[PDB]
Each structure stands twice: as structure tokens, then as C-alpha cells.
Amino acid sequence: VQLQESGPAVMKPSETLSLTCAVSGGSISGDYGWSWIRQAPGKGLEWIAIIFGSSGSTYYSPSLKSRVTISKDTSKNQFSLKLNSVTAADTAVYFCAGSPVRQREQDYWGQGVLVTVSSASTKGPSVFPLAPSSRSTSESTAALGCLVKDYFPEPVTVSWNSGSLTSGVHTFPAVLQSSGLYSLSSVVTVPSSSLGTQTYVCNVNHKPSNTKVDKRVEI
């Protein structure tokens, strides 16, 4: 049995989250239990609900029951979840899972879909060069960078010199600020002699905003 989730990457608070799981290689109305599970970033697994294929019986997390619907569709061989009145507390990776009722050595999981709940609107980042100081320039190597400030939503990718520069590159995970917007930095350490002879450009791509900036790092 294989499972594939689908759902929105980004949602606004108070909306209704709706998820579907396409099931293949077994019958949705066979002797299975079909579950939804979620994991908020950096937190534990949290089971949400189950629907049994044979009976149609459903059961729910006590703390989520008042806001969740779980359903199945035999013609579509799928099952689904609705969670209403979302808040940021519902930001999580949502997994569909399943198990035979009797052959419990089998365990099926989708790969999960990240759902981010935020009031923020899509915004491309401003890119600022992080130039080394000349005290760092007196060392043998120097750190050169680019700040990717105030974007939403994730993700952003950074490369250097169109991917031709890979050694000594470190791109850091983003911070989330009280404003709802992310920032991150990418640094590259290079020989300090190279600083007059080599051009350094960081290529920042934010596909949610259709924004792609190639920032030259001078001095």
C-alpha cells in the first residue's frame, strides 16, 4: 500500500484545512484503519483521527475532536481530513498513515505535507551583501556573505557564482521573527588573496514570490 498526501502549503488563520490521501495497492474499504497524524516543527507525533475501511467507524483525538472531520471515498480510493478554525498552533507536517486491522506488522505512511498557518502575505526578500572587514582580510582566509532579509513563506535557496563555488559555503537555517517574516544568511570562506581577483555573487531564489536576485559582494 502506498499513500500520497496533498494539501495547501500556506493558510491564513480561521480558515478550514482540507487534506486528501490517495491510496493505491489496497482497497480503502478493506480491513484497514486509515489515520491522520501531524508533527509540529521540533515537537512530537500527534495522532488526529482514524476511519476504518470496513465499518466506516471513526475515532478522534479528544483535544481535536471538536474541530476535525475524517472521511473516506470508495470510488476515489482515498480518505481525507478537515480541520477548521486553524491557528499558527496548527502549523505542522501532516502525515496520512494506515495499517491492516489484523496484519499489524504492516505499516503504511505518506511522506507528509508541511502546512504553514500564518497571517503573513507572500513577500520576496531583500538581499544585502555581508562584506568582510579588512582585519579579517589580514588573516589567511575571509568570510564573505549575503543576508536574505524579511521574506515569506519558506523556502529560499542560495548558491554562489551560479553553483560554481561550493567549498566553504554554509547556508544557515532561517530565523522566524515576531513580524512573521523569515531571514537567513549564507557565508562563504575564501582565500584572502582571492578577494581582488575573484568575483563573488550569491544567487538567492524565492520561488513563492517569483523573485531571483544575484547579489554582487564587493570590498
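Note that residue numbering begins at 1 and tracks the sequence as displayed.
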Hey, which bit's got the bigger mean C-alpha B factor in the entry, 10-18 or 191-199? 191-199
Of 170-178 and 51-59, which one has the bigger average CA B-factor? 170-178
Can you pull the Cα B-factors for 80, 116, 133, 99 from the entry and say which is highest? 133
Max C-alpha B-factor within the set 161, 157, 186, 29 falls on 161
Ranked C-alpha temperature factor of residue 1 among modelled chain residues, by third: middle
Quick one: classify residue 122 as lowest, middle or highest third of the chain based on its Cα B-factor. middle
Chain-wide C-alpha B factor ranking for residue 153, given as lowest, middle or highest third: middle
Grab the CA temperature factor for residue 87 from the record and place it in the lowest, middle or highest third of its chain. middle
Quick check for you: using the entry's CA B-factors within this chain, is residue 138 in the lowest, middle or highest third? highest
